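Have a look below at one chain only, the form deposited in one PDB entry, in structure tokens format.
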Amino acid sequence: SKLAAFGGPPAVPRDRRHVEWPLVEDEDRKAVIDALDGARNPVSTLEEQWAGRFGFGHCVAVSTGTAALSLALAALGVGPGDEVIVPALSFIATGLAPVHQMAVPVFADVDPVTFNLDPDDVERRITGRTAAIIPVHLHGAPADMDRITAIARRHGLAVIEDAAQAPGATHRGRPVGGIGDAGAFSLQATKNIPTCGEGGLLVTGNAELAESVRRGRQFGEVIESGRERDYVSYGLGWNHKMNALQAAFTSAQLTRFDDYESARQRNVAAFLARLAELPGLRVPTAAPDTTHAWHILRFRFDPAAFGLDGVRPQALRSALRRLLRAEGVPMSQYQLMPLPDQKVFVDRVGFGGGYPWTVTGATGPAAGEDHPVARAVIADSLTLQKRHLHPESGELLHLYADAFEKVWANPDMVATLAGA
């Protein structure tokens, strides 16, 4: 039982490591070919099925999760001179969506355990220009929506949920996406309910918001089955149309969602139960009165547990990454820096001439504090992506737990590697 990093046998054999995601069945292939030969509407069918399944008043299918967010901002009257508060830790799309609607993104620090935007820090970053908050259900964990909605009601702000990483997740038993003014979902191939490529869904209880998004996704036009296209546009629109084939594929995926979801919940629970026993390993958790979608598993590692009183947390992160990967556990980072460090948000050039920042006069150094929690989380955390999403990954996650337990049984070697 020598470490694989030093010639030992890997806890995960090479021929056991591959996982297919999306999980393509013959029903998926048939759905795509049927959509191709049907020559049409799978998009409105997906809209109805998603709204029905998750109890939303309205669902508008769009090209991408990013387009869902930007069309949501447009529909809620967010634009030039407006600030949108988003988390300092997220996928870059959350920070770009405001820029796409010519609004200025304002970065709030996150919670050290939930990894979601800290409502206390949101309050500290509100100005007279604040128009909206994009809470992200990051990694599949629902954000503090009671606090976010309370802040929004106080200051008259719009709330758009970025639920891209949290399909099926609940907050006080409510489907995520239906709590804010609108909710954004991504059907990107890597996501928990994927399409065969790109896709987005905007959900809302507000008929007028839905209609705005419906027009915005198709050049501002009104498009109806049986009615000849007149090319009359009623406002600023884009090409944010979903592909029918991708819609048909996701409809097929939805018929297995409940079974896939049960397997993930059971498999992830068993995996984290074993890792939670390892000292200096913090398994990801759902906050109280929420359920986690487990899109990404982020683990925080404490140098204290390996007697590394002096060692930078990044050194332990590096050491654990090398050792776990050698055993065949594909441990990754998800985001190397807080979004505020990204060149686009530092240079503040945007479209050109500093727009949208030029409108608010936020062209010079960023207002408010640094984001030490976002930085601390990145400094000491590794992630598992994709492999745990597959319903038959039970045995694979058992071997992952073997690898973790094996690495933790060599604490002297971890401390040595962290030393260099």
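Only residues modelled in both forms are compared. Note that residue numbering follows the sequence shown and begins at 1. Heads up, when I say rigid core I mean the largest set of C-alphas that superpose within 1.5 Å between the two forms.
What comes next is about the form deposited in another entry, which does not appear here.
- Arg229: CA moves 2 Å or more between this form and the one not shown after rigid-core fitting.
- A displacement of less than 2 angstroms separates the C-alpha positions of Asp34 between this form and the one not shown, with the rigid core held in common.
- Relative to the superposed rigid core, the position of the CA of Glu369 differs between this form and the one not shown by 2 Å or more.
- Compared with the form shown here, the Cα atoms of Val159 and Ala367 sit 3 Å or more farther apart in the other entry.
- Shown here is a form in which the CA atoms of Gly364 and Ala88 lie at least 3 Å farther apart than they do in the other entry.
- Here is what shifts between this form and the one not shown when you lay the two on the core: runs of at least 3 residues, every Cα off by 2 Å or more, at 224 to 231, 363 to 369.
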